[PDB]
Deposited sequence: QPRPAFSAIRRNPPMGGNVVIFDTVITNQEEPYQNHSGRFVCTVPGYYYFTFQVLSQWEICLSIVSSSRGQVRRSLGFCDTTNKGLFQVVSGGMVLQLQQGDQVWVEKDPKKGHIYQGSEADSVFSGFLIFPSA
């Protein structure tokens, strides 16, 4: 019985793909901490969400691929731009096929993500139901 579910955070992260390098949970290991990409094994409906810390301007999007082809989607921004912590958040259900990938991408013009130990940024996903 499949149990695909993950959460990953930023600690020592290494382009426009936001890599969450530190794994908290990764049941069935669908998430790749080296690339920031979730890989679908079990086709079905999944929920994905992020809560990412910025101090300046940030725009993020949950994006997917099918057969390697990129599928652009909605974005979520915080542009308060005052140097204080702000958490930008977003999420959606995606129906995925086997081999589809899902990741978080930043706007190359609005991409500030906090780096440090004071607080955290997270990317999570889980299967809602197969097929």
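- Comparing the deposited sequence with the modelled residues shows gaps at 15-16, 134, with numbering starting at 1.
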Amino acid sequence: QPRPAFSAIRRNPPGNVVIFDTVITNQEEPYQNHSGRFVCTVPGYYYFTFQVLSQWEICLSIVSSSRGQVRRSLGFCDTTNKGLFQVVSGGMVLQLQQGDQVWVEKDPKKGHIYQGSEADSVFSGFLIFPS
From here on, numbers count along this sequence of modelled residues.
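- Mean C-alpha B-factor is higher over 27-35 than over the other stretch, the pair under comparison being 27-35 and 97-105.
- On average the C-alpha atoms of 63-71 have higher B-factors than those of the other stretch, with 63-71 and 44-52 being the two compared.
- When the Cα B-factors of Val87, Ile58, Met92, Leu84 are read from the PDB record, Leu84 comes out highest.
- Sorting the modelled residues of the chain by their CA temperature factor places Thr22 in the middle third.
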